[PDB]
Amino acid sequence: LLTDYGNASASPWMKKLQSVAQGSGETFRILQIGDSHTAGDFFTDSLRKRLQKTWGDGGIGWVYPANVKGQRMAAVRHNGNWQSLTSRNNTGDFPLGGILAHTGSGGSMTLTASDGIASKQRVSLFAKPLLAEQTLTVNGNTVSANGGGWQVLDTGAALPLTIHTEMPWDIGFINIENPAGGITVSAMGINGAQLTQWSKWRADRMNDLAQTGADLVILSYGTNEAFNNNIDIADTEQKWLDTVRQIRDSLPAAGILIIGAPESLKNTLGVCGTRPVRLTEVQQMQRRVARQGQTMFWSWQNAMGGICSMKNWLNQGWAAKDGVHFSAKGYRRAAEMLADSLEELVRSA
């Protein structure tokens, strides 16, 4: 299921994960960026709870600044007055990930962890203040910008977290990491997104990517590319290759895992089919990019039983009625196979 077209065992990130597994106390950061399967958080949260039991709870990682309509965070509940906006249907000066929230004046947001937390955690925010040296507060502590523009505010707090803004700010993702180290899985999804649609994000998005501190980037797209009957594979392959090349430029020390689209059905009509017309070209392309870019490739379709399997998963309650999206227990099944593959790769070093 997992093919390594690079050199996993020799990699700097491998060495970091190993070090964390003995309890170096560092944080190993997994950042999954992708479409609806990522945006729902069922895949990533299942992945999170497993790799955290295996190698340590590093915290929730990077989460939304506010509720995002039709999208989901599993590790935090949001309660407040900020208004989110995403690159899905809209234009905006987006930080990496396509999500921001307007705090407005006298704004307020509380993040409460679905489980237990206790102590001070490391907190980091993508933020952009209206005025240059502006402030907000985090559990009552004044936290200050330096100059204007998008930037990362480094602070510390315990959960639950309350962020007060007297005057307007735009807030991106928020990082929340356990100081004792371990693993974080961060879900940066947009419903319906394609990998090339990072272009909708601000020009410095890669400078944001470098700041996420990710040690392993999981790129999970392909489903909606496959739904464009008129997609141009060669050009798409170039832009995909360019994205891999740029991730490597600004995250020189990270692993890259490309998850090939799972089987989707244009029609659940008839036993087996019918697949989208361009699904196989897309799937194949994703593997070519993985090998040329020397990345890891995990075949979601092969994890399902290969071709003509989505109908099986549909019948078994693993997939949603539409034949594209999965059920919550369907995603848990997929992600667990991936976690399997990962631990398998690690143990073999």
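Residue numbers here begin at 1 and follow the sequence given.
Look at the C-alpha B-factors of 135-143 and of 273-281. On average they run higher in 273-281. Note on 112-120 vs 206-214: mean CA B-factor is higher in 112-120. Looking at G323, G40, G293, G59, the one whose CA carries the top B-factor in the deposited record is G323.
Taking the PDB entry at face value, the top CA B factor among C308, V289, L47, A66 belongs to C308. The deposited CA B-factor of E263 belongs to the highest third of values across its chain. Remark: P129 belongs to the lowest third of its chain, ranked by C-alpha B-factor as recorded. Per-chain ranking of the deposited C-alpha B factor places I99 in the lowest third.
In the deposited entry, the Cα temperature factor of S87 sits in the bottom third of values across the chain's modelled residues.
Sort the chain's modelled residues by C-alpha temperature factor and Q32 lands in the lowest third, per the entry.
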